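What follows is one structure encoded as structure tokens, with my remarks underneath.
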Amino acid sequence: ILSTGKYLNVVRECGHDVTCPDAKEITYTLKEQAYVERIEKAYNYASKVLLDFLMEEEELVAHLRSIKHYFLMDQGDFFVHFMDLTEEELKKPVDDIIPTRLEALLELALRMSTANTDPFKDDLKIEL
Amino acid sequence: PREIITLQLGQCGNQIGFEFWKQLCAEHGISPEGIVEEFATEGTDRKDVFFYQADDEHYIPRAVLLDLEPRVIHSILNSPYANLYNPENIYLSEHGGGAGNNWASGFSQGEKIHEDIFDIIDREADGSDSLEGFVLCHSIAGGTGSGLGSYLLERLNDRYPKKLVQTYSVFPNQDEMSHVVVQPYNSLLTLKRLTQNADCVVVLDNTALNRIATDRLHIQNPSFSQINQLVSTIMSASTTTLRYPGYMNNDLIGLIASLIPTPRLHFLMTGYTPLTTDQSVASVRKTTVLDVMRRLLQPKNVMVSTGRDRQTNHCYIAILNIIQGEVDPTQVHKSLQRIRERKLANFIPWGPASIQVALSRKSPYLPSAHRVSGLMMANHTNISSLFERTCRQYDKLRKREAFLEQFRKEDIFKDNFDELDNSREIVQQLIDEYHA
């Protein structure tokens, strides 16, 4: 009951749908010599309509690919080119105007090393 | 920016670089008139590694082309490719005939065409925003590439002493000494300039090429154009982590860094396994990751001649193993575990050896995204055996009295024969002295 009502909260905090089922709502349960089956099949069914929802549209599968791709440094060729531009910024004893220059130098080498999708990689914000 | 101006030079050295550009078009995912395949940016990440950056999807090769023969450079400009080339950033179109076919012809032509030869690598470095360096693709075979290539080794390290120098020296045919009998003089002369104006070389021996080329391709006899094929694959294999991503040695000034113990020991053994014509019946069932990199460190893919009787009398110190394509990358460290168990890697007798392994994902192209490729670029202490082979032929030849007054036709009217003898025996010793 707890977990179902969490997936129903994911949809209330989504705009694409406000519900999981559109074939368990034709049915109504109201059981007590069989509560156990009805609650469970309305649970995996909400789970199945959320599993295709991340995979398709939200593209979780590309989402976790990208999160994994930068931080382990597996777009390595890009990250060694941009680090050479970074070591030029470490020449200045630290300021507050550092990251606004570095997100600028980010899009220089991005087109130099000509990564597979340059607008998806404009989401790397450089913190100080 | 990692901008390389390659200097392809020589009579064989132009032809090995002709097929070097023919190798790149099929793996960058591009047709030579524009981006028309969109596998071009998704598959190959850095389309300006050996090209200019797009100004409308037009690409200019960063090669420059001088030779004493106009036939070799005309065998690039009449080929099925020709607008990929742009001869006004490459070479001023029409370069005359040489005297020629001497080392000493190409060597003085550096001195009088010094203004123009260093003004054509500043017509392609007018799109470089910070030049990486120069890779000198010059042949020590012919006096043509070796004449002009011995000049550019001196002069690129004093006007550009901050840039990379590193050569693809492919040596004369050692078997021969009745064809190319000018081999001990012109070979050793270029090697003097490589031991004190260069920190790394990649040597290739031509008699060792044909040991692997009929054991893998199974041709009747390797000709000149069937020997240039084997060469264009190992050039394009050596620079993959500069065009495809790795986390290890992803700069070429990274790649080179882990392979030089000391100046005067940097002569690198190259090996490259996949040239067999029945690889195709063994890529369909998968030959496992565990044993496709325990066969590179075993000699049966080598390009640099060595005995079989001196391989336990010398020890590798740094060995680089570039794997290409997806191989299953999580038992690649399980495979290098089994190297120490066999002892295919030797260790120095005062320290440990180091096997730097790198990997990369690759563009759509079926002989490399379905067929594992292993390039070894070793640095073994067994390399003096080549120098014992040339030295024993060099001092015998000067007792013929050949080419001690026939080499003197041009720009040698002084004694520098005993300098060459002495600079080879200093090399041979500082290699041998390293290991105890």
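Residues displayed in chain B correspond, in order, to Swiss-Prot positions 2-437.
In case you wondered, yes, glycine gets a Cβ from its N, Cα and C as well.
The GTP binding site annotation in Swiss-Prot covers B:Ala142, B:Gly143, B:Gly144, B:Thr145, B:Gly146, B:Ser147, B:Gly148. Sequence-distant contacts of B:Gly144 (GTP binding site), defined by Cβ-Cβ distance under 8 angstroms and a gap of at least six in the same chain, are B:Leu69, B:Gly101, B:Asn102, B:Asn103, B:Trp104, B:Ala105, B:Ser106, B:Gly107, B:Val183, B:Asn187. According to its DSSP assignment, B:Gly144 (GTP binding site) is coil.
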What is the set of residues, excluding B:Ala142, B:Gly143, B:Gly144, B:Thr145, B:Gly146, B:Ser147, B:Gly148, whose C-beta falls within 8 angstroms of the centroid of the C-beta atoms at the GTP site?
B:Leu10, B:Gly11, B:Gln12, B:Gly14, B:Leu69, B:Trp104, B:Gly107, B:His139, B:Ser140, B:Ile141, B:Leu149, B:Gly150, B:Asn187
Residues that sit under 8 angstroms from B:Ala142 (GTP binding site) by C-beta distance, when 6+ apart in the chain
B:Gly11, B:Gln12, B:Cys13, B:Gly14, B:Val171, B:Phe172, B:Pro173, B:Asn174, B:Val181, B:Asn207
